[PDB]
Each structure stands twice: as structure tokens, then as C-alpha cells.
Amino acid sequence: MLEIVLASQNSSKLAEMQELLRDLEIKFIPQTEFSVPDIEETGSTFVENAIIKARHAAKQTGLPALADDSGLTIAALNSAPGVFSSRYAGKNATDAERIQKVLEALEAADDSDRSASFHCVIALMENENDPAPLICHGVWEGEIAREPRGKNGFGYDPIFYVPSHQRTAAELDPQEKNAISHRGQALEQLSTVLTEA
């Protein structure tokens, strides 16, 4: 049984992964099971943070490690909030607060372009010295709505309008969102590689 450490403490991320690779002989183990502490994300790109976290987990555990970083990028805001997606409305802020700051920022930029994208970058390291980690990059293109809509999901989901569905991410059923999202796409890229291996 191939053992891979998951850097994330996020339970939904682990569950999504187990579901994804259910037919493969691979076992994901949260880094917390090795008492690995979180490491600070200091990169300016998702890929840099994904690597930082995977390399850390691999270093401490001695096993292969997989990490991801994700965020919302808005064209009119020069790709902000980007890697500051979680920090966009200050520390200790809520999802609702962050949504409002994004809406205000666009309002202030008064730029007709509401284009935006969700990104998920997964990095898989064989060990901490791996110079060529597997990189999977999922991209989900949409638009920022004028006001929050939808009961599902989390974070910026309520203002992420999905043109193909004429609904926001928060309006989609969970399964449908997870099938077409930036995470879904990254995960399918990962599965293709792992399955082939």
C-alpha cells in the first residue's frame, strides 16, 4: 500500500481525495497523524505555497507528501485577492466580510470587467529533496456577481457566477460544484497521473 501524507487539516479535502482514489492502492495520511505542525505560506503564487507545504510534510514524515493551495483571482483587481484570498479582509474575518470587501473593491475599481477565476494547485513530492514535484493546476473561470446568492459551499462561492450554469457556485448542488470546480479539475488531473502509474 502506497502511503502519501496529506499536508491539509481539512476534513473535506481528505474525504474528496479518498473518494477520488477509491480504486487505487493508496492511503492518504493527514500530517497531523505524524504531529507535523502547519508551516507558514510565504509564497506569492499558489504553486509556491503548495510546494512549501508538501516539502515540509515530506521532510518531517519521511514519506511522499501532497499539498494544495487555492484562491480567487479577479481580473479587474490585478488577480487579487490571489494568495491573499483568505487574508483579504484582515485576520479573524468571516467569509461574509471577505465577500463584502471583494464587492467594494470591484465597486471602487469601477471596471466593467467582472471576470474572475478560482485556482487549485496541487503539488506531490516524492520526498523533501524532490526537484520535480507533480504539479496539477485546476482553473475555473467565472464572473463576480453584484450580490451574494446561494446556500451551499463556503468562502467566495456566493459571488462566483458560473456562466455555464447561469448560477453562482453557492447555488450549485455540492456534487455538481465538486465535479466542475478548480479543485475537481486539479483532482482529476492528479487521478489520471496516479491511475496511469
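All residue numbers are counted from 1 along the displayed sequence.
- Relative to one another, 145-153 and 29-37 have unequal mean CA B-factors, and 145-153 is the one with the higher figure.
- Of the two stretches examined, 74-82 and 107-115, the record assigns the greater average C-alpha temperature factor to 107-115.
- Of the residues listed, 20, 180, 14, 186, the entry assigns the biggest Cα temperature factor to 20.
- Annotation for residue 7: C-alpha temperature factor in the middle third relative to the rest of the modelled chain, per the entry.
- Annotation for residue 99: C-alpha temperature factor in the middle third relative to the rest of the modelled chain, per the entry.
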